[PDB]
S.K.: 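I'd like to ask you about the structure that follows.
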Number of protein chains: 2
Amino acid sequence: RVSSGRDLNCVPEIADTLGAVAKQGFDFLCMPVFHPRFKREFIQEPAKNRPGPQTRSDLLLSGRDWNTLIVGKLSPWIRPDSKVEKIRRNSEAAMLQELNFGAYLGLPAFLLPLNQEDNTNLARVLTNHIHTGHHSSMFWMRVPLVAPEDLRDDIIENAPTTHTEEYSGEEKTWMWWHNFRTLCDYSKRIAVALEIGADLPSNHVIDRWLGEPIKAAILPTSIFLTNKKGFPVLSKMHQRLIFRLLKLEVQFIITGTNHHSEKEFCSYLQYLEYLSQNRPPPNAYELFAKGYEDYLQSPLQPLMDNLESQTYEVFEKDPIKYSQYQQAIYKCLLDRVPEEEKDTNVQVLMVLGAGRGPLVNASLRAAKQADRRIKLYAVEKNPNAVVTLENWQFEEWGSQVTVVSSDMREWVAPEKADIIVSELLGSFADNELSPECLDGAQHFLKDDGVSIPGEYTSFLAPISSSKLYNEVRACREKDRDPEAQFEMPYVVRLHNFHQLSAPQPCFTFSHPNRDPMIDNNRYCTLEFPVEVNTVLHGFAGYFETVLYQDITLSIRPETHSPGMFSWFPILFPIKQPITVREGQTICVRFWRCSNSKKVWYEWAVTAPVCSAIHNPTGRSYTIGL
Amino acid sequence: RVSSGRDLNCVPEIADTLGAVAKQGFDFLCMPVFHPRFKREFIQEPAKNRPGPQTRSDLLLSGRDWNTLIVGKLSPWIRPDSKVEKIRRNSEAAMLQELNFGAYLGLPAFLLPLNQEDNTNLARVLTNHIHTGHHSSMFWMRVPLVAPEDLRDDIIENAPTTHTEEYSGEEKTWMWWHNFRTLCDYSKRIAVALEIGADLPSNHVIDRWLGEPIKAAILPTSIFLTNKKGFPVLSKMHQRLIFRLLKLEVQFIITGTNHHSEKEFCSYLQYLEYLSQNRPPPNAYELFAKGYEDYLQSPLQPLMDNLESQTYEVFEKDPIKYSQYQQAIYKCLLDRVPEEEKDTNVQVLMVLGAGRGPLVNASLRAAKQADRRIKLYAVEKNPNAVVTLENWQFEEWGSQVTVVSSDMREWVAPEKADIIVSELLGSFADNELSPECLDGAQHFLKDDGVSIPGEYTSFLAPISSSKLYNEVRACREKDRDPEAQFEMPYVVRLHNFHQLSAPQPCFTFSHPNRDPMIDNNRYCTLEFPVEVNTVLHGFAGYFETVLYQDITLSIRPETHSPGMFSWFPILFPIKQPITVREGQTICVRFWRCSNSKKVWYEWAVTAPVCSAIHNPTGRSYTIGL
Ligand SMILES: Nc1nc2cc(CN3C(=O)c4cc(F)ccc4[C@]34CCN(Cc3ccc(F)cc3)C4=O)[nH]c2cc1F
Ligand SMILES: Nc1nc2cc(CN3C(=O)c4cc(F)ccc4[C@]34CCN(Cc3ccc(F)cc3)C4=O)[nH]c2cc1F
Ligand SMILES: CSC[C@H]1O[C@@H](n2cnc3c(N)ncnc32)[C@H](O)[C@@H]1O
Ligand SMILES: CSC[C@H]1O[C@@H](n2cnc3c(N)ncnc32)[C@H](O)[C@@H]1O
């Protein structure tokens, strides 16, 4: 179930080592490429002219074994940021040599340590190696939760351990990582191998690593407790951490000697398996979502574009949404039509944007459970979908449903509606121009008519995700602005991220709109109180909608409709990441803009520092009218 | 084995039709999306306001069935290039409607006919559809080998069939295709469905379709002969054509009614299977090559770059090459050392570019079968490979082999060589700068010393491939010249192409070079007599090398070393395709250029029309010294 490997810093025979490791159930082996103690000179004679082979032959394993089962390790003596000029220069040449040999073997990953603050020259050498030739080899940066200096035993007489609560000081290992990856300019080849300590730090220190590219989680043998049976286990603190790490789907590495000598070394791995099996299973949401983790997709525009058959199919495969629509209409029928006017009053319903007709069906079910008479129209502009409607209408529905093949803004209605039902909402509610469409369809609603939905609101929340930022970055395309990708929203299942503040309402719309000279342009200022140090990369967008009264749909995490999976969150990126100290307020500004042809959003951060205004004049992103 | 489908222009029940087709062993079904006879008006009333559904519902099949098993067909009444303005306008609207519905269903392919010369407005509408939205749906252009007018029965009294040999006139259906795809600007979505006739045309007419994107081969039932048993078969003419088509791996479509009424419809398909099984099986070359058909790869530069382990591995997995090297050295030892000086004379061999040491081994085998004494050096600049050499040398070889870790141009030799052995040849021979390296290593050769190889030559041949041209086109990258991809050679297994003329020698090099002030710059004019109409897209490059005397290696098709698969051909593209009439000479000019840092090629076509000079000053492509 769980993908696990073994860290060793001693390999006397490479073939024999693997065999043992593989027999214990490990998937891969982290090991040195040159002997850890084999220190090499590159400048001063005569040690530079040392004869003989420098390491093992590549022939000792097959090409496939190198490619899948081995993870390289930088030798410990290599210190590129040494104060001594000689050791620096030597460590440079040695680092390149080891990294080059790693690429020669075609290793999938290679471990480098972050065990101090200044890793500038380390970063400069690695970056150079990345920009030499072509390779897909990952680089896992070995970085501890807690720095070695901060978890040392208080046993030095004239140098006691810091007994002071230093909020910023306990987050230092993240700052080590942050600076390194910034210098390297957010390379997608550079990821984190997070080393877990005996004493876990405060909760904030761990939350720091949310939204970071964690590929490995190194577990020492020392941190394992022993149970009554006499086999390795972990604390309830560590258990909760491993449970969190299993959601990220990281690869767990075991390092250190067998402290549980009486038992096998498989026991450690068997415990991780034990934890893997013993987790809360994936719900309908996470079942379906499994696959689209942090996958950027362009927001659908069913007005500008005509949706495909299989796009409508996946909409229809959400029974919770339509049951809510069914219930919404059901109640509205009872309110508008009394019991004494059951078979006198026929309500005029108008599904605006009928698609392949899930609402038409729902409206039929709603009328039957209510036991009230209805007259249905099914307005749909997409002519490909209208083919589906008419075939259904001929076979199943009949003359009760009148299929109209038109835009709702254009259509001249032969009758006014008591209810209009729509499904024109995207992940940011109004991103499919539901306001404009329903405004244009408003004239053929009765003066006392109802709209379903009657209201919808969009929400925003600041997020830190070095993953998603790096994902957007990689959406640069030929023949357009170099930074166009940052000035456009994405539909994405947000997974590896950190929500820095609680969602707040952005834009609200009410139908039918009764405000004279109806304007759908907006400008919203939001202030998000941050309680942690972090780096803002964008703003996650959600929405809520009121169908009728107490009938609602929502993708806002705290009020999320259970089971529903018809809308993933939306992501508004920013060009440049913005550092945010604990106590500081993130201030974002959002505009909804329009002309006769297009609608778009612009946005800007104004605190703690200013960003550029994103998507001015909809240059990078527009929504078609 | 063979991928086959069924063409129908009559589908009364879509579900039942598939069942029958699937039971007969067909993989997919070509069918209409709207009823062939269902002609629709879009302008004039009242026919434009025709009620009811326009076609079948998408719900009759599953999404997956549409995506894999159905191929769309444009209705026959749709004529976008009609002389009548009304029929034109109507056919435009209808064409878009059908194409849009095809995309709605998510069909993998869609058939459009090329049954006349002028298909300009057809091309204009299709191109518009391609540039509307995003889809991966292919478009198969139905084009006959022989035009309907040219295969009609000579049964009209006052209009007899052309009994004249019109060389250009019999190639007209290709010109139909050529013009169409040119208008559409070589879209990768547009391919050919070649319709085979009863009487096959002349051989030249068929050769015209070499290097064209043929995805389907439509076979009417009428063209099938009947055997003594009373089941469908094909002529020896058609058999050879199908054998050629099986190499291209096209999908065979069966069209028309069952003329063999007594037998099943599976019999037709079973015959294609019968042919599929009964072909000459793939040799060692085609066995290994299967996968890299028309796959563009960048030429290796083992001087500038350090080759990976698995790059050396695949070199070593060619036993024919080294057996030739073994035999080459074997003979040279016997010539240089007589029988009476068997154990007096030790020959000094020097493998220049030893890699992981296949030649060192071969030199050992060659000396043993010859029974002569040798002293080996193993010069290698790549330090990663030197690790392999030294481990081998320690374990196996010993002090007979002296591993040197240096550039051969730099290395100060402590002894002069009787033989130097090298493996510095690429697909265009001198594209790895074997001339420069061996010139720089020439000083430590004895005055009577031998070089293996002693000579090598590069060859060029003009090719027509609309596939490969379109492949290169798609190698456009951000942040460089828009046409850089055309000014650089590619290593590629040439498959779907047409060789327009016989290869001719381009550049030759002899080692040891004894010409004062050795210049490796060159300028070569070649004239290629073409005997067919075609469109030049590039120049395939090959090479021959003389190891010693009668010991040679070659990838030139006519003199190709049997079994060897260590070099695929190289491809020099051109920016713009060049039309070439039968009888015309293709004149190409090739330069080998250099400065102190780089070596590169430039090239230009000078007849029948001039091209631009490609890669001036090595702007787009250089080979590193
Ligand atoms: N009018 C409507 N608009 C909308 C707008 C949406 C959201 N949406 C996109 O914008 C979008 C853009 C894309 F490129 C791809 C997919 C989407 C979705 C639709 C489905 N889906 C969830 C999902 C996808 C995959 C999955 F394995 C599980 C769940 C989204 O995120 N759903 C509507 C339903 C309506 F009726
Ligand atoms: N010094 C040498 N140079 C050379 C130069 C070559 C040719 N070459 C490339 O340039 C090249 C460039 C690439 F991106 C990828 C591959 C190649 C090859 C090497 C192997 N191969 C054949 C093949 C590949 C794959 C296959 F499934 C079957 C056969 C080529 O075409 N082979 C040498 C061997 C030497 F000893
Ligand atoms: C069921 S998803 C929403 C549906 O509304 C349709 N739609 C969107 N805008 C309009 C409009 N202005 N008039 C009619 N249908 C519309 C879309 O084509 C889609 O089928
Ligand atoms: C076996 S493929 C050719 C080999 O020659 C080596 N080589 C290429 N140019 C030189 C050079 N100038 N000096 C030494 N080895 C070389 C390459 O590193 C490769 O291993």
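FYI, side chains are in, hydrogens and waters are out, and symmetry mates aren't considered; it's all heavy atoms of this structure. Proteins get letters first, then strands, A, B, ... in listed order; numbering begins at 1 in each. Both ligands and their constituent atoms are indexed starting at 1 by order of listing.
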S.K.: Under a heavy-atom criterion of less than 4.0 Å, does B:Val314 contact ligand 2?
M.R.: no
S.K.: Any nitrogen or oxygen of B:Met408, main chain or side chain, under 3.5 Å from a nitrogen or oxygen of ligand 4?
M.R.: yes
S.K.: Taking the six-membered ring of B:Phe507 as reference, does the cationic atom of B:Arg592 (NZ for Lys, CZ for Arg) lie under 6.0 Å from its centre and within 45° of its axis?
M.R.: no
S.K.: Around atom 1 (C) of ligand 3, find the nearest protein heavy atom and jot down its residue, atom name and distance.
M.R.: A:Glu423 OE1, 3.6 Å
S.K.: Where is the nearest protein heavy atom to atom 8 (C) of ligand 4: which residue, which atom, and how far?
M.R.: B:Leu424 CD2, 3.9 Å
S.K.: Below the 3.5 angstrom mark, is there an N/O of B:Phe568, backbone or side chain, next to an N/O of ligand 2?
M.R.: yes
S.K.: Over all heavy atoms of both residues, which pair between A:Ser57 and B:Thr388 is shortest? Give the atoms and the distance, please.
M.R.: OG-CG2, 3.7 Å
S.K.: Of B:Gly426, B:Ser566, B:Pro358, which has the heavy atom at the shortest distance from atom 7 (C) of ligand 2?
M.R.: B:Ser566
S.K.: Closer than 4.0 angstrom: is that true for some heavy atom of B:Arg493 and an atom of ligand 2?
M.R.: no
S.K.: Using modelled atom types and a 3.5 Å cut-off, is there a donor and acceptor pairing between side-chain atoms of B:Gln301 and backbone atoms of B:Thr622?
M.R.: yes
S.K.: Of the listed options (B:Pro299, B:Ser298, B:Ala289), which comes nearest to atom 12 (C) of ligand 2 when hydrogens are ignored and any heavy atom counts?
M.R.: B:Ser298
S.K.: Is it the side chain, the backbone, both or neither of A:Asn306 that has a heavy atom closer than 4.0 Å to ligand 3?
M.R.: neither
S.K.: Starting from atom 9 (N) of ligand 3, locate the nearest protein heavy atom and write down its residue, its atom name and how far away it is, to 0.1 Å.
M.R.: A:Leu303 CD1, 3.5 Å
S.K.: Which residue owns the protein heavy atom closest to atom 5 (O) of ligand 4, what's the atom, and how far is it?
M.R.: B:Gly353 CA, 3.1 Å
S.K.: Can you tell me the protein heavy atom closest to atom 16 (C) of ligand 4 and the distance?
M.R.: B:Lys381 CG, 3.6 Å
S.K.: Check each atom of ligand 2 against the heavy atoms of B:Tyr292 and keep those under 4.0 Å away; list them by number with element.
M.R.: 25 (C), 26 (C), 27 (F)
S.K.: Is there a donor-acceptor pair under 3.5 Å between the side chain of B:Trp397 and the backbone N or O of B:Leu389?
M.R.: no
S.K.: Should you measure from each heavy atom of A:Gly355, which atoms of ligand 3 turn up under 4.0 Å away?
M.R.: 20 (O)
S.K.: Checking the side chain of A:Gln326 only, and the main-chain atoms of A:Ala366 only, is there a donor and an acceptor separated by less than 3.5 Å?
M.R.: no
S.K.: Out of B:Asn384, B:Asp407, B:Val386, whose heavy atom is nearest to atom 12 (N) of ligand 4?
M.R.: B:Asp407
S.K.: Output yes when a side-chain donor or acceptor of B:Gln324 lies under 3.5 Å from a complementary backbone atom of B:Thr552, and no otherwise.
M.R.: yes
S.K.: Applying a 4.0 Å heavy-atom criterion (strictly less than), which segment of A:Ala385 is in contact with ligand 3: side chain, backbone, both, or neither?
M.R.: neither
S.K.: If you take the nearest heavy atom of each of B:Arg409, B:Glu380, B:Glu410, B:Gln301, which one is closest to atom 18 (O) of ligand 4?
M.R.: B:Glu380
S.K.: Decide whether the shortest distance between a heavy atom of A:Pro358 and an atom of ligand 3 is less than 4.0 Å.
M.R.: no
S.K.: Could you check A:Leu438, A:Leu625, A:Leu352 and say which one makes a side chain to side chain contact (heavy atoms under 4.5 Å, CB included) with A:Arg409?
M.R.: A:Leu625
S.K.: Any donor-acceptor pair under 3.5 Å linking the side chain of B:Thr457 with the backbone of B:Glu544?
M.R.: no
S.K.: Near A:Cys437, which atoms of ligand 3 are under 4.0 Å from a heavy atom of that residue?
M.R.: 9 (N), 12 (N)
S.K.: Taking distance alone, with no angle check, do B:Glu423 and ligand 2 share an N/O pair under 3.5 Å?
M.R.: yes
S.K.: Test your reading of the structure: does A:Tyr312 have an N or O sitting under 3.5 Å from an N or O of ligand 3?
M.R.: yes
S.K.: Counting only heavy atoms, which portion of B:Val491 has something under 4.0 Å from ligand 2: side chain, backbone, both, or neither?
M.R.: side chain
S.K.: With a cutoff of 4.0 Å, is B:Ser406 in contact with ligand 4, counting heavy atoms of the residue only?
M.R.: yes
S.K.: For the pair A:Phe444 and A:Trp411, name the ring-plane relationship: parallel under 30°, tilted 30 to 60°, perpendicular over 60°.
M.R.: perpendicular
S.K.: Taking the six-membered ring for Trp, are A:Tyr456 and A:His511 ring centroids under 6.0 Å apart?
M.R.: yes
S.K.: Have a look at ligand 2 and work out which part of B:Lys321, if any, has a heavy atom under 4.0 Å from it: side chain, backbone, both or neither.
M.R.: side chain
S.K.: Would the distance check show the side chain of A:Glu380 and the main-chain N or O of A:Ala354 forming a donor-acceptor pair, the cut-off being under 3.5 Å?
M.R.: yes
S.K.: Kindly give the heavy-atom pair with the smallest separation between B:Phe315 and B:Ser566, and that separation in Å.
M.R.: O-OG, 4.2 Å
S.K.: Judged by atom type as modelled, is there a donor-acceptor pair below 3.5 Å linking the side chain of A:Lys381 to the main-chain atoms of A:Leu303?
M.R.: yes
S.K.: Testing B:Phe568, B:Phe543, B:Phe509, B:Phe572 one by one against B:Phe428 for a ring-ring contact (aromatic ring centres under 6.0 Å, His included), which residue passes?
M.R.: B:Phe572
